[PDB]
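The chain contents come next:
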Amino acid sequence: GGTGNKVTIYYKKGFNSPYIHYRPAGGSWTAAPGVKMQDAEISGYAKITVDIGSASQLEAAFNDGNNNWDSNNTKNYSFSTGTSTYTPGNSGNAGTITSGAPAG
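Residues numbered from 1 in each chain as written, not as in the entry; some residues may be left out. Heavy atoms only, no water.

Participant: Looking at this structure, I do not really get the packing of aromatic side chains. What am I missing?
Facilitator: Given two aromatic rings, one states the distance between the centres and the angle between the planes to describe the pair. Enumeration over the complete set of coordinates arrives at five aromatic pairs. Relative to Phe79, the ring of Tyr77 has its centre 6.1 Å away and its plane inclined at 15°; by these criteria the two rings are stacked. As far as burial versus exposure is concerned, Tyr77 and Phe79 are alike and both buried. Clustering of aromatic rings is evident, with ring pairs tying together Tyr11, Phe62, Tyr77, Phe79 and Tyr86. (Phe/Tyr/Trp six-rings, centres within 6.5 Å; stacked < 30°, edge-to-face > 60°. Buried < 20%, exposed > 50% of the residue type's maximum accessible area, 1.4 Å probe, protein only.)

Right, dumping it as structure tokens:
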């Protein structure tokens, strides 16, 4: 089949039920609007796990599900197998991405 990799993305809860559109390098996009990010007990966050067993990288996108999206400004974010954290530009940032879930 493939190497079978997994990609975790944790986005801060800024809405309640925000959607996240992800696409494995060489795969297909998710059911737009992306997929509803699971609940992150972290402390009011969201979690999402997507497998890329066949892709060395996977793209992700943020969207409130309403009518506001957020992808690499206006394209789509890219992440490599593992765990990444997504936070809103609390100031003048344009969607911040980190490598590794938050530790509270």
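Participant: Got a minute to help me understand the pairing of strand β5 (residues 45-51) in this structure?
Facilitator: A regular strand carries its side chains on alternate faces of the sheet. Sheet topology places strand β1 (residues 6-12) next to β5; seven bridges connect them, and they run antiparallel. Within β5, the position partnered with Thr8 by the bridge is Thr49. Where strand β4 (residues 38-40) meets β5, three bridges bridge the pair, whose relative direction is antiparallel. When the sheet's bridge partners are listed, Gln38 is paired in β5 with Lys47. Counting the residues that bridge the hairpin from β4 to β5 gives four residues, and of these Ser43 lies at a positive phi of roughly 155°. (Pairing = 2+ DSSP bridges. Helix = DSSP H or I, 4+ residues; strand = E, 2+ residues; numbered from the N terminus.)

Participant: Would you take a moment to explain the sheet that holds β1 for this structure?
Facilitator: Spatially, β4-β5-β1-β9-β10 is the arrangement adopted by the five strands of the open sheet, whose pairing is mixed. Of all the strands in the sheet, the pair left with one neighbour each is β4 and β10 (96-99). Averaged over neighbouring strand pairs, the angle between their axes works out to 30° when direction is ignored. With five bridges joining them, β1 and strand β9 (residues 82-87) adopt parallel strand pairing. Bridged to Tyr10 within β9 is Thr85. (Axes fitted to C-alpha atoms, helices over the stretch in contact; angles between N-to-C directions.)

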